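Below is the file work23.tsv, which contains TSV, N, CA and C atoms.
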```tsv
chain	number	residue	atom	x	y	z
A	1	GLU	N	113.40	106.23	74.98
A	1	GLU	CA	112.59	105.60	73.94
A	1	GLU	C	112.53	104.07	74.09
A	2	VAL	N	113.67	103.42	74.33
A	2	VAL	CA	113.67	101.99	74.66
A	2	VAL	C	113.06	101.74	76.05
A	3	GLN	N	112.04	100.89	76.12
A	3	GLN	CA	111.35	100.60	77.37
A	3	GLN	C	111.30	99.11	77.68
A	4	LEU	N	111.63	98.75	78.91
A	4	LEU	CA	111.53	97.36	79.36
A	4	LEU	C	110.81	97.33	80.70
A	5	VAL	N	109.67	96.66	80.76
A	5	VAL	CA	108.87	96.62	81.98
A	5	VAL	C	108.57	95.18	82.38
A	6	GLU	N	109.14	94.71	83.49
A	6	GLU	CA	108.88	93.33	83.89
A	6	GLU	C	107.76	93.18	84.92
A	7	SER	N	107.14	92.00	84.92
A	7	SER	CA	106.05	91.67	85.83
A	7	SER	C	106.25	90.27	86.39
A	8	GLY	N	105.56	89.96	87.48
A	8	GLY	CA	105.41	88.58	87.90
A	8	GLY	C	106.35	88.04	88.97
A	9	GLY	N	107.27	88.87	89.44
A	9	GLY	CA	108.16	88.43	90.50
A	9	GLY	C	107.42	88.27	91.82
A	10	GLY	N	108.15	88.02	92.89
A	10	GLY	CA	107.52	88.03	94.19
A	10	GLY	C	108.01	86.98	95.17
A	11	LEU	N	107.17	86.74	96.17
A	11	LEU	CA	107.51	85.83	97.26
A	11	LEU	C	106.96	84.45	96.98
A	12	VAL	N	107.75	83.44	97.28
A	12	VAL	CA	107.33	82.07	97.04
A	12	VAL	C	108.07	81.20	98.04
A	13	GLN	N	107.45	80.11	98.45
A	13	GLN	CA	108.12	79.18	99.35
A	13	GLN	C	109.02	78.29	98.51
A	14	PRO	N	110.00	77.62	99.14
A	14	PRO	CA	110.90	76.77	98.34
A	14	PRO	C	110.13	75.65	97.65
A	15	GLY	N	110.54	75.30	96.43
A	15	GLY	CA	109.85	74.29	95.66
A	15	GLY	C	108.70	74.87	94.85
A	16	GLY	N	108.39	76.14	95.10
A	16	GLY	CA	107.36	76.85	94.35
A	16	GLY	C	107.81	77.26	92.96
A	17	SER	N	106.95	77.99	92.27
A	17	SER	CA	107.25	78.43	90.92
A	17	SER	C	106.72	79.83	90.66
A	18	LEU	N	107.38	80.54	89.75
A	18	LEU	CA	107.05	81.92	89.43
A	18	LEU	C	107.22	82.06	87.93
A	19	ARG	N	106.54	83.04	87.34
A	19	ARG	CA	106.75	83.33	85.94
A	19	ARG	C	106.95	84.83	85.76
A	20	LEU	N	108.10	85.20	85.20
A	20	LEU	CA	108.39	86.60	84.92
A	20	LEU	C	108.04	86.89	83.48
A	21	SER	N	107.57	88.10	83.22
A	21	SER	CA	107.25	88.54	81.88
A	21	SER	C	108.00	89.83	81.73
A	22	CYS	N	108.29	90.20	80.49
A	22	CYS	CA	108.91	91.48	80.21
A	22	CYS	C	108.31	92.02	78.94
A	23	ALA	N	107.79	93.24	79.00
A	23	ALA	CA	107.25	93.89	77.81
A	23	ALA	C	108.24	94.92	77.28
A	24	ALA	N	108.39	94.97	75.96
A	24	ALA	CA	109.35	95.89	75.36
A	24	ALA	C	108.72	96.84	74.36
A	25	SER	N	109.35	98.00	74.19
A	25	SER	CA	109.05	98.89	73.08
A	25	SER	C	110.24	99.80	72.86
A	26	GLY	N	110.23	100.54	71.76
A	26	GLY	CA	111.30	101.48	71.46
A	26	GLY	C	112.41	100.95	70.57
A	27	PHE	N	112.25	99.71	70.09
A	27	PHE	CA	113.20	99.07	69.19
A	27	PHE	C	112.54	97.88	68.52
A	28	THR	N	113.22	97.31	67.53
A	28	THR	CA	112.73	96.15	66.80
A	28	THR	C	113.06	94.89	67.58
A	29	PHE	N	112.04	94.34	68.22
A	29	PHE	CA	112.21	93.30	69.23
A	29	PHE	C	113.08	92.13	68.77
A	30	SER	N	112.75	91.59	67.60
A	30	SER	CA	113.34	90.34	67.17
A	30	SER	C	114.77	90.49	66.63
A	31	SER	N	115.26	91.72	66.59
A	31	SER	CA	116.62	92.00	66.11
A	31	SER	C	117.64	92.02	67.25
A	32	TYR	N	117.21	91.64	68.44
A	32	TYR	CA	118.09	91.59	69.60
A	32	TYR	C	117.96	90.29	70.39
A	33	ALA	N	119.11	89.73	70.78
A	33	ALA	CA	119.09	88.68	71.78
A	33	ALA	C	118.58	89.32	73.05
A	34	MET	N	117.70	88.61	73.75
A	34	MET	CA	117.13	89.10	75.01
A	34	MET	C	117.52	88.12	76.11
A	35	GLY	N	117.55	88.59	77.35
A	35	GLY	CA	117.90	87.72	78.45
A	35	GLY	C	117.51	88.26	79.81
A	36	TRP	N	117.82	87.46	80.83
A	36	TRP	CA	117.49	87.79	82.20
A	36	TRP	C	118.77	87.86	83.03
A	37	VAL	N	118.97	88.97	83.72
A	37	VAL	CA	120.10	89.15	84.63
A	37	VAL	C	119.62	88.95	86.06
A	38	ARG	N	120.40	88.28	86.90
A	38	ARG	CA	120.06	88.27	88.31
A	38	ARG	C	121.11	88.94	89.19
A	39	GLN	N	120.65	89.61	90.23
A	39	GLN	CA	121.57	90.22	91.18
A	39	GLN	C	121.15	89.92	92.61
A	40	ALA	N	121.96	89.11	93.29
A	40	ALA	CA	121.80	88.87	94.73
A	40	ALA	C	122.33	90.10	95.47
A	41	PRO	N	121.82	90.35	96.68
A	41	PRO	CA	122.09	91.63	97.36
A	41	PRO	C	123.57	92.01	97.51
A	42	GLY	N	124.43	91.06	97.87
A	42	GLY	CA	125.82	91.41	98.13
A	42	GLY	C	126.74	91.11	96.96
A	43	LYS	N	126.18	91.00	95.77
A	43	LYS	CA	126.94	90.44	94.66
A	43	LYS	C	126.76	91.22	93.35
A	44	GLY	N	127.64	90.95	92.38
A	44	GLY	CA	127.51	91.53	91.06
A	44	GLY	C	126.41	90.84	90.25
A	45	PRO	N	125.96	91.49	89.17
A	45	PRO	CA	124.93	90.89	88.32
A	45	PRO	C	125.51	89.78	87.47
A	46	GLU	N	124.74	88.73	87.22
A	46	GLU	CA	125.14	87.75	86.20
A	46	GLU	C	123.96	87.42	85.30
A	47	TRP	N	124.26	87.00	84.07
A	47	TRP	CA	123.25	86.50	83.16
A	47	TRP	C	122.75	85.15	83.66
A	48	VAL	N	121.44	84.99	83.78
A	48	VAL	CA	120.89	83.70	84.19
A	48	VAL	C	120.36	82.92	82.97
A	49	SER	N	119.92	83.65	81.95
A	49	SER	CA	119.40	83.00	80.76
A	49	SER	C	119.34	83.97	79.60
A	50	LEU	N	119.47	83.43	78.39
A	50	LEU	CA	119.57	84.22	77.17
A	50	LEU	C	118.84	83.52	76.02
A	51	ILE	N	118.19	84.29	75.16
A	51	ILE	CA	117.45	83.73	74.04
A	51	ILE	C	117.73	84.55	72.79
A	52	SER	N	117.88	83.86	71.66
A	52	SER	CA	118.22	84.48	70.39
A	52	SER	C	117.05	85.30	69.87
A	53	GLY	N	117.32	86.21	68.93
A	53	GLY	CA	116.31	87.08	68.37
A	53	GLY	C	115.04	86.35	67.95
A	54	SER	N	115.20	85.23	67.25
A	54	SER	CA	114.07	84.47	66.73
A	54	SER	C	113.47	83.53	67.76
A	55	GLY	N	114.24	83.21	68.79
A	55	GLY	CA	113.80	82.29	69.82
A	55	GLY	C	114.16	80.84	69.53
A	56	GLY	N	115.03	80.63	68.55
A	56	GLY	CA	115.38	79.27	68.14
A	56	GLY	C	116.50	78.65	68.97
A	57	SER	N	117.12	79.47	69.82
A	57	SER	CA	118.31	79.05	70.56
A	57	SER	C	118.37	79.72	71.92
A	58	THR	N	118.62	78.93	72.96
A	58	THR	CA	118.61	79.44	74.33
A	58	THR	C	119.87	79.05	75.07
A	59	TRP	N	120.11	79.74	76.18
A	59	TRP	CA	121.24	79.46	77.03
A	59	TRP	C	120.79	79.63	78.47
A	60	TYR	N	121.33	78.81	79.37
A	60	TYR	CA	121.02	78.91	80.80
A	60	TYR	C	122.28	78.80	81.63
A	61	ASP	N	122.33	79.54	82.73
A	61	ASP	CA	123.38	79.35	83.72
A	61	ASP	C	123.24	77.94	84.29
A	62	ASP	N	124.37	77.30	84.60
A	62	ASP	CA	124.37	75.94	85.14
A	62	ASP	C	123.47	75.75	86.36
A	63	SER	N	123.37	76.78	87.19
A	63	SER	CA	122.59	76.69	88.42
A	63	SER	C	121.07	76.63	88.19
A	64	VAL	N	120.61	76.88	86.96
A	64	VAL	CA	119.17	76.88	86.70
A	64	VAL	C	118.66	75.96	85.58
A	65	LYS	N	119.58	75.25	84.91
A	65	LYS	CA	119.22	74.31	83.85
A	65	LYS	C	118.21	73.25	84.31
A	66	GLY	N	117.11	73.12	83.57
A	66	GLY	CA	116.08	72.14	83.89
A	66	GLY	C	114.94	72.73	84.69
A	67	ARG	N	115.26	73.75	85.48
A	67	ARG	CA	114.26	74.37	86.33
A	67	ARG	C	113.67	75.60	85.65
A	68	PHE	N	114.52	76.41	85.03
A	68	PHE	CA	114.06	77.63	84.37
A	68	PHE	C	113.92	77.44	82.86
A	69	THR	N	112.91	78.09	82.29
A	69	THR	CA	112.71	78.07	80.85
A	69	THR	C	112.46	79.48	80.33
A	70	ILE	N	113.33	79.93	79.44
A	70	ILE	CA	113.20	81.23	78.82
A	70	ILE	C	112.48	81.10	77.47
A	71	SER	N	111.63	82.07	77.15
A	71	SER	CA	110.92	82.08	75.88
A	71	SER	C	110.54	83.50	75.52
A	72	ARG	N	110.16	83.69	74.26
A	72	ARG	CA	109.74	85.00	73.80
A	72	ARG	C	108.58	84.87	72.82
A	73	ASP	N	107.78	85.92	72.73
A	73	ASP	CA	106.66	85.97	71.81
A	73	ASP	C	106.88	87.22	70.98
A	74	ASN	N	107.40	87.04	69.77
A	74	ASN	CA	107.80	88.17	68.94
A	74	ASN	C	106.64	88.94	68.31
A	75	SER	N	105.44	88.37	68.39
A	75	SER	CA	104.25	89.03	67.84
A	75	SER	C	103.65	90.02	68.83
A	76	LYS	N	103.92	89.81	70.12
A	76	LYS	CA	103.46	90.74	71.16
A	76	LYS	C	104.61	91.38	71.96
A	77	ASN	N	105.84	91.18	71.49
A	77	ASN	CA	107.04	91.83	72.04
A	77	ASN	C	107.34	91.52	73.49
A	78	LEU	N	107.11	90.27	73.87
A	78	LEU	CA	107.22	89.84	75.26
A	78	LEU	C	108.28	88.76	75.49
A	79	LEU	N	108.95	88.85	76.63
A	79	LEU	CA	109.95	87.87	77.02
A	79	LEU	C	109.50	87.21	78.32
A	80	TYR	N	109.73	85.91	78.46
A	80	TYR	CA	109.28	85.20	79.65
A	80	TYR	C	110.40	84.42	80.34
A	81	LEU	N	110.20	84.14	81.63
A	81	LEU	CA	111.06	83.22	82.37
A	81	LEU	C	110.18	82.42	83.32
A	82	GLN	N	109.97	81.15	82.99
A	82	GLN	CA	109.23	80.26	83.87
A	82	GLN	C	110.25	79.71	84.85
A	83	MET	N	110.06	79.99	86.13
A	83	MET	CA	111.03	79.60	87.16
A	83	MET	C	110.44	78.52	88.05
A	84	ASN	N	110.89	77.29	87.88
A	84	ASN	CA	110.33	76.17	88.64
A	84	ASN	C	111.29	75.63	89.69
A	85	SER	N	110.76	74.81	90.61
A	85	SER	CA	111.52	74.28	91.74
A	85	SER	C	112.43	75.32	92.38
A	86	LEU	N	111.86	76.49	92.66
A	86	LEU	CA	112.61	77.61	93.23
A	86	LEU	C	113.33	77.23	94.52
A	87	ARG	N	114.57	77.68	94.63
A	87	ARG	CA	115.38	77.39	95.80
A	87	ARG	C	115.78	78.71	96.44
A	88	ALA	N	116.14	78.67	97.73
A	88	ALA	CA	116.52	79.87	98.48
A	88	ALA	C	117.60	80.68	97.77
A	89	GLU	N	118.45	79.97	97.02
A	89	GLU	CA	119.59	80.55	96.33
A	89	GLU	C	119.14	81.35	95.11
A	90	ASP	N	117.89	81.16	94.70
A	90	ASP	CA	117.38	81.86	93.53
A	90	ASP	C	116.92	83.27	93.87
A	91	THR	N	116.90	83.57	95.16
A	91	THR	CA	116.51	84.88	95.66
A	91	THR	C	117.43	85.97	95.15
A	92	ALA	N	116.84	86.99	94.53
A	92	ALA	CA	117.58	88.12	93.95
A	92	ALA	C	116.61	89.09	93.27
A	93	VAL	N	117.15	90.20	92.77
A	93	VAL	CA	116.42	91.06	91.86
A	93	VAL	C	116.74	90.57	90.45
A	94	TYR	N	115.71	90.28	89.66
A	94	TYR	CA	115.90	89.82	88.29
A	94	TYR	C	115.57	90.95	87.35
A	95	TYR	N	116.43	91.16	86.37
A	95	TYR	CA	116.22	92.21	85.40
A	95	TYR	C	116.00	91.60	84.05
A	96	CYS	N	114.97	92.09	83.38
A	96	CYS	CA	114.82	91.87	81.96
A	96	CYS	C	115.92	92.68	81.24
A	97	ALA	N	116.55	92.12	80.21
A	97	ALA	CA	117.65	92.84	79.55
A	97	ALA	C	117.73	92.63	78.05
A	98	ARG	N	118.03	93.71	77.34
A	98	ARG	CA	118.25	93.66	75.91
A	98	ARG	C	119.74	93.68	75.60
A	99	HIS	N	120.23	92.58	75.05
A	99	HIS	CA	121.64	92.46	74.72
A	99	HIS	C	121.96	93.13	73.39
A	100	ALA	N	122.72	94.22	73.45
A	100	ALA	CA	123.18	94.89	72.23
A	100	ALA	C	124.70	94.83	72.15
A	101	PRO	N	125.23	93.83	71.44
A	101	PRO	CA	126.69	93.64	71.34
A	101	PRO	C	127.37	94.78	70.58
A	102	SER	N	126.64	95.41	69.65
A	102	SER	CA	127.23	96.43	68.79
A	102	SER	C	127.24	97.80	69.46
A	103	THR	N	126.26	98.01	70.34
A	103	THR	CA	126.17	99.25	71.10
A	103	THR	C	127.29	99.32	72.13
A	104	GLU	N	127.89	100.49	72.28
A	104	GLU	CA	128.95	100.66	73.27
A	104	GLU	C	128.36	100.99	74.65
A	105	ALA	N	127.25	101.71	74.66
A	105	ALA	CA	126.52	101.99	75.90
A	105	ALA	C	126.06	100.69	76.55
A	106	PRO	N	125.95	100.67	77.89
A	106	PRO	CA	125.50	99.46	78.59
A	106	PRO	C	124.15	98.98	78.08
A	107	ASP	N	123.88	97.68	78.21
A	107	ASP	CA	122.59	97.14	77.82
A	107	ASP	C	121.45	97.81	78.59
A	108	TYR	N	120.28	97.87	77.96
A	108	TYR	CA	119.09	98.35	78.64
A	108	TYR	C	118.53	97.27	79.54
A	109	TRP	N	118.16	97.66	80.76
A	109	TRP	CA	117.51	96.77	81.70
A	109	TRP	C	116.13	97.31	82.05
A	110	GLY	N	115.24	96.43	82.47
A	110	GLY	CA	113.99	96.84	83.08
A	110	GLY	C	114.24	97.29	84.52
A	111	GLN	N	113.17	97.68	85.22
A	111	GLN	CA	113.30	98.25	86.57
A	111	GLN	C	113.74	97.24	87.64
A	112	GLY	N	113.56	95.96	87.35
A	112	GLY	CA	113.91	94.91	88.28
A	112	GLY	C	112.71	94.45	89.06
A	113	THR	N	112.58	93.14	89.25
A	113	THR	CA	111.60	92.61	90.17
A	113	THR	C	112.29	91.74	91.21
A	114	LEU	N	111.89	91.91	92.47
A	114	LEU	CA	112.44	91.12	93.55
A	114	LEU	C	111.84	89.71	93.51
A	115	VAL	N	112.69	88.70	93.62
A	115	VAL	CA	112.22	87.33	93.80
A	115	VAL	C	112.78	86.81	95.11
A	116	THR	N	111.89	86.46	96.04
A	116	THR	CA	112.29	86.00	97.36
A	116	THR	C	111.77	84.58	97.56
A	117	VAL	N	112.70	83.65	97.78
A	117	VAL	CA	112.33	82.28	98.09
A	117	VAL	C	112.52	82.03	99.59
A	118	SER	N	111.41	81.97	100.32
A	118	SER	CA	111.49	81.95	101.77
A	118	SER	C	110.31	81.25	102.41
A	119	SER	N	110.60	80.39	103.37
A	119	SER	CA	109.57	79.85	104.25
A	119	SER	C	109.88	80.33	105.66
A	120	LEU	N	108.91	80.99	106.29
A	120	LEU	CA	109.09	81.50	107.66
A	120	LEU	C	108.89	80.40	108.69
A	121	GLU	N	109.75	79.39	108.66
A	121	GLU	CA	109.64	78.25	109.57
A	121	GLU	C	111.02	77.71	109.97
```

Write the structure described by the file as structure tokens, please.
Amino acid sequence: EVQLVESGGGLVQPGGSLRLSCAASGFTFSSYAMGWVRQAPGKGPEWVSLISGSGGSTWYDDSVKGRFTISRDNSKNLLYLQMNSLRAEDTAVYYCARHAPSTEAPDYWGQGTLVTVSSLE
């Protein structure tokens, strides 16, 4: 019933920019903190950014402060991540995620979108 579908990932050269979107349904959107998880291929997942239910408060991992901007549109149930000045290190699968602190089951994630920062030179 809970659905998370992300869009907008892909290939970009270094210094480029990308915008991820995430559409939700199956729950009351604004009653959950939402965020973005990243997973590099040989590594565990980490939270890259988090936004409060209302969107009044945000958090960013130190490695992305200033470059990435998280936002949400509670009237259309959408979560965004504007990713600027992309660096090779930003390469990973990014997951849209619904943070449920009260739920014991793991958080719901979207299917994941690959983000590759690469110049073939």

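Using only N, CA and C atoms, the shortest contact distance between residue A:66 and any of A:84, A:119, A:3, A:49 is found at A:84.
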
Shell of 6.5 Å around residue A:88, only N, CA and C atoms, local chain residues under 2 positions omitted, as a ChimeraX atom specification: /A:14,86,90-91,117-118

Where in chain A does DSSP assign strand (DSSP E), given as a compact mmCIF listing (two decimals) with N, CA and C atoms, in the frame of the given file?
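Saved file selection_7.txt follows:
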```txt
# COMPACT_ATOMS: atom_id res chain seq x y z
N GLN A 3 112.04 100.89 76.12
CA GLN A 3 111.35 100.60 77.37
C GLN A 3 111.30 99.11 77.68
N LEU A 4 111.63 98.75 78.91
CA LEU A 4 111.53 97.36 79.36
C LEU A 4 110.81 97.33 80.70
N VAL A 5 109.67 96.66 80.76
CA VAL A 5 108.87 96.62 81.98
C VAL A 5 108.57 95.18 82.38
N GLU A 6 109.14 94.71 83.49
CA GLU A 6 108.88 93.33 83.89
C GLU A 6 107.76 93.18 84.92
N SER A 7 107.14 92.00 84.92
CA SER A 7 106.05 91.67 85.83
C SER A 7 106.25 90.27 86.39
N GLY A 10 108.15 88.02 92.89
CA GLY A 10 107.52 88.03 94.19
C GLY A 10 108.01 86.98 95.17
N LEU A 11 107.17 86.74 96.17
CA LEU A 11 107.51 85.83 97.26
C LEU A 11 106.96 84.45 96.98
N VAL A 12 107.75 83.44 97.28
CA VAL A 12 107.33 82.07 97.04
C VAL A 12 108.07 81.20 98.04
N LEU A 18 107.38 80.54 89.75
CA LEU A 18 107.05 81.92 89.43
C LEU A 18 107.22 82.06 87.93
N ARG A 19 106.54 83.04 87.34
CA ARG A 19 106.75 83.33 85.94
C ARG A 19 106.95 84.83 85.76
N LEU A 20 108.10 85.20 85.20
CA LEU A 20 108.39 86.60 84.92
C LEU A 20 108.04 86.89 83.48
N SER A 21 107.57 88.10 83.22
CA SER A 21 107.25 88.54 81.88
C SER A 21 108.00 89.83 81.73
N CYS A 22 108.29 90.20 80.49
CA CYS A 22 108.91 91.48 80.21
C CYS A 22 108.31 92.02 78.94
N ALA A 23 107.79 93.24 79.00
CA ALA A 23 107.25 93.89 77.81
C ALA A 23 108.24 94.92 77.28
N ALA A 24 108.39 94.97 75.96
CA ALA A 24 109.35 95.89 75.36
C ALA A 24 108.72 96.84 74.36
N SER A 25 109.35 98.00 74.19
CA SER A 25 109.05 98.89 73.08
C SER A 25 110.24 99.80 72.86
N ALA A 33 119.11 89.73 70.78
CA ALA A 33 119.09 88.68 71.78
C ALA A 33 118.58 89.32 73.05
N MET A 34 117.70 88.61 73.75
CA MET A 34 117.13 89.10 75.01
C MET A 34 117.52 88.12 76.11
N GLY A 35 117.55 88.59 77.35
CA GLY A 35 117.90 87.72 78.45
C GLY A 35 117.51 88.26 79.81
N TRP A 36 117.82 87.46 80.83
CA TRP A 36 117.49 87.79 82.20
C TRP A 36 118.77 87.86 83.03
N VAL A 37 118.97 88.97 83.72
CA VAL A 37 120.10 89.15 84.63
C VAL A 37 119.62 88.95 86.06
N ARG A 38 120.40 88.28 86.90
CA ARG A 38 120.06 88.27 88.31
C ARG A 38 121.11 88.94 89.19
N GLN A 39 120.65 89.61 90.23
CA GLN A 39 121.57 90.22 91.18
C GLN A 39 121.15 89.92 92.61
N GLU A 46 124.74 88.73 87.22
CA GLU A 46 125.14 87.75 86.20
C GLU A 46 123.96 87.42 85.30
N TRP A 47 124.26 87.00 84.07
CA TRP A 47 123.25 86.50 83.16
C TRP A 47 122.75 85.15 83.66
N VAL A 48 121.44 84.99 83.78
CA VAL A 48 120.89 83.70 84.19
C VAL A 48 120.36 82.92 82.97
N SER A 49 119.92 83.65 81.95
CA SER A 49 119.40 83.00 80.76
C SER A 49 119.34 83.97 79.60
N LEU A 50 119.47 83.43 78.39
CA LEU A 50 119.57 84.22 77.17
C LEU A 50 118.84 83.52 76.02
N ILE A 51 118.19 84.29 75.16
CA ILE A 51 117.45 83.73 74.04
C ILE A 51 117.73 84.55 72.79
N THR A 58 118.62 78.93 72.96
CA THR A 58 118.61 79.44 74.33
C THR A 58 119.87 79.05 75.07
N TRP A 59 120.11 79.74 76.18
CA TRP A 59 121.24 79.46 77.03
C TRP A 59 120.79 79.63 78.47
N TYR A 60 121.33 78.81 79.37
CA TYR A 60 121.02 78.91 80.80
C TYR A 60 122.28 78.80 81.63
N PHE A 68 114.52 76.41 85.03
CA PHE A 68 114.06 77.63 84.37
C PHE A 68 113.92 77.44 82.86
N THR A 69 112.91 78.09 82.29
CA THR A 69 112.71 78.07 80.85
C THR A 69 112.46 79.48 80.33
N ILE A 70 113.33 79.93 79.44
CA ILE A 70 113.20 81.23 78.82
C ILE A 70 112.48 81.10 77.47
N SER A 71 111.63 82.07 77.15
CA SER A 71 110.92 82.08 75.88
C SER A 71 110.54 83.50 75.52
N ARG A 72 110.16 83.69 74.26
CA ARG A 72 109.74 85.00 73.80
C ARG A 72 108.58 84.87 72.82
N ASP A 73 107.78 85.92 72.73
CA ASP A 73 106.66 85.97 71.81
C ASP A 73 106.88 87.22 70.98
N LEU A 78 107.11 90.27 73.87
CA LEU A 78 107.22 89.84 75.26
C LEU A 78 108.28 88.76 75.49
N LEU A 79 108.95 88.85 76.63
CA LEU A 79 109.95 87.87 77.02
C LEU A 79 109.50 87.21 78.32
N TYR A 80 109.73 85.91 78.46
CA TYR A 80 109.28 85.20 79.65
C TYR A 80 110.40 84.42 80.34
N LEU A 81 110.20 84.14 81.63
CA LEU A 81 111.06 83.22 82.37
C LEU A 81 110.18 82.42 83.32
N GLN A 82 109.97 81.15 82.99
CA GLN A 82 109.23 80.26 83.87
C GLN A 82 110.25 79.71 84.85
N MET A 83 110.06 79.99 86.13
CA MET A 83 111.03 79.60 87.16
C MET A 83 110.44 78.52 88.05
N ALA A 92 116.84 86.99 94.53
CA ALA A 92 117.58 88.12 93.95
C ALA A 92 116.61 89.09 93.27
N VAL A 93 117.15 90.20 92.77
CA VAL A 93 116.42 91.06 91.86
C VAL A 93 116.74 90.57 90.45
N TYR A 94 115.71 90.28 89.66
CA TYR A 94 115.90 89.82 88.29
C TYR A 94 115.57 90.95 87.35
N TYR A 95 116.43 91.16 86.37
CA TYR A 95 116.22 92.21 85.40
C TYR A 95 116.00 91.60 84.05
N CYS A 96 114.97 92.09 83.38
CA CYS A 96 114.82 91.87 81.96
C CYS A 96 115.92 92.68 81.24
N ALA A 97 116.55 92.12 80.21
CA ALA A 97 117.65 92.84 79.55
C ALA A 97 117.73 92.63 78.05
N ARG A 98 118.03 93.71 77.34
CA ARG A 98 118.25 93.66 75.91
C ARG A 98 119.74 93.68 75.60
N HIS A 99 120.23 92.58 75.05
CA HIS A 99 121.64 92.46 74.72
C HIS A 99 121.96 93.13 73.39
N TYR A 108 120.28 97.87 77.96
CA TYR A 108 119.09 98.35 78.64
C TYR A 108 118.53 97.27 79.54
N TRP A 109 118.16 97.66 80.76
CA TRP A 109 117.51 96.77 81.70
C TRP A 109 116.13 97.31 82.05
N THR A 113 112.58 93.14 89.25
CA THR A 113 111.60 92.61 90.17
C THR A 113 112.29 91.74 91.21
N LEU A 114 111.89 91.91 92.47
CA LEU A 114 112.44 91.12 93.55
C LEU A 114 111.84 89.71 93.51
N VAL A 115 112.69 88.70 93.62
CA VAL A 115 112.22 87.33 93.80
C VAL A 115 112.78 86.81 95.11
N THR A 116 111.89 86.46 96.04
CA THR A 116 112.29 86.00 97.36
C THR A 116 111.77 84.58 97.56
N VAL A 117 112.70 83.65 97.78
CA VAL A 117 112.33 82.28 98.09
C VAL A 117 112.52 82.03 99.59
```

With stretch 22-46 of chain A as the partner and 7 Å as the cut-off, tabulate the residues of stretch 62-109 of chain A that qualify, each row holding the nearest pair of atoms and their distance in Å to one decimal, using all atoms listed in the file, sorted by chain and rising number, as a tab-separated table.
```
residue	atom	partner	partner_atom	distance
A:74	CA	A:30	N	6.2
A:76	C	A:24	N	6.6
A:77	C	A:24	N	4.4
A:78	CA	A:22	C	4.4
A:79	C	A:22	N	3.9
A:80	N	A:22	N	5.0
A:81	N	A:22	N	6.5
A:91	C	A:40	CA	5.3
A:92	CA	A:39	C	4.2
A:93	N	A:39	C	4.0
A:94	CA	A:37	C	4.4
A:95	N	A:37	C	3.9
A:96	CA	A:36	CA	4.9
A:97	N	A:35	C	4.0
A:98	CA	A:34	CA	4.8
A:99	N	A:33	C	4.2
A:100	N	A:33	N	6.3
```

Restricting it to N, CA and C atoms, dump the selection as a compact mmCIF listing (two decimals), in the frame of the given file.
```txt
# COMPACT_ATOMS: atom_id res chain seq x y z
N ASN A 74 107.40 87.04 69.77
CA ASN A 74 107.80 88.17 68.94
C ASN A 74 106.64 88.94 68.31
N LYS A 76 103.92 89.81 70.12
CA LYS A 76 103.46 90.74 71.16
C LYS A 76 104.61 91.38 71.96
N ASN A 77 105.84 91.18 71.49
CA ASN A 77 107.04 91.83 72.04
C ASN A 77 107.34 91.52 73.49
N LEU A 78 107.11 90.27 73.87
CA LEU A 78 107.22 89.84 75.26
C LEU A 78 108.28 88.76 75.49
N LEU A 79 108.95 88.85 76.63
CA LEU A 79 109.95 87.87 77.02
C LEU A 79 109.50 87.21 78.32
N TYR A 80 109.73 85.91 78.46
CA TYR A 80 109.28 85.20 79.65
C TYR A 80 110.40 84.42 80.34
N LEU A 81 110.20 84.14 81.63
CA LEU A 81 111.06 83.22 82.37
C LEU A 81 110.18 82.42 83.32
N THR A 91 116.90 83.57 95.16
CA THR A 91 116.51 84.88 95.66
C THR A 91 117.43 85.97 95.15
N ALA A 92 116.84 86.99 94.53
CA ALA A 92 117.58 88.12 93.95
C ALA A 92 116.61 89.09 93.27
N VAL A 93 117.15 90.20 92.77
CA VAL A 93 116.42 91.06 91.86
C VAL A 93 116.74 90.57 90.45
N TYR A 94 115.71 90.28 89.66
CA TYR A 94 115.90 89.82 88.29
C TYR A 94 115.57 90.95 87.35
N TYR A 95 116.43 91.16 86.37
CA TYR A 95 116.22 92.21 85.40
C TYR A 95 116.00 91.60 84.05
N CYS A 96 114.97 92.09 83.38
CA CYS A 96 114.82 91.87 81.96
C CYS A 96 115.92 92.68 81.24
N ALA A 97 116.55 92.12 80.21
CA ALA A 97 117.65 92.84 79.55
C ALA A 97 117.73 92.63 78.05
N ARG A 98 118.03 93.71 77.34
CA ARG A 98 118.25 93.66 75.91
C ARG A 98 119.74 93.68 75.60
N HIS A 99 120.23 92.58 75.05
CA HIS A 99 121.64 92.46 74.72
C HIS A 99 121.96 93.13 73.39
N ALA A 100 122.72 94.22 73.45
CA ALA A 100 123.18 94.89 72.23
C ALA A 100 124.70 94.83 72.15
```

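Across A:75, A:111, A:82, A:103, the tightest approach to residue A:19 is made by A:82 when counting all atoms listed in the file.
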
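Of the residues under consideration (A:56, A:16, A:101, A:9), A:9 shows the shortest atom-to-atom contact distance to residue A:116 when counting only N, CA and C atoms.
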
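Atom pair atom N of residue A:20 / atom CA of residue A:1: separated by 23.7 Å.
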
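Atom N of residue A:17 is found 7.2 Å from atom N of residue A:83.
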
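Using only N, CA and C atoms, the smallest distance between any of A:58, A:71, A:102, A:113 and residue A:8 comes from A:113.
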
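Interatomic distance, atom C of residue A:50 to atom C of residue A:69: 8.7 Å.
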
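Comparing A:87, A:114, A:108, A:72 by their smallest distance to residue A:15, the closest is A:87 (using all atoms listed in the file).
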
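Checking A:85, A:47, A:57, A:64 one by one against residue A:18, counting all atoms listed in the file, you find the shortest gap at A:85.
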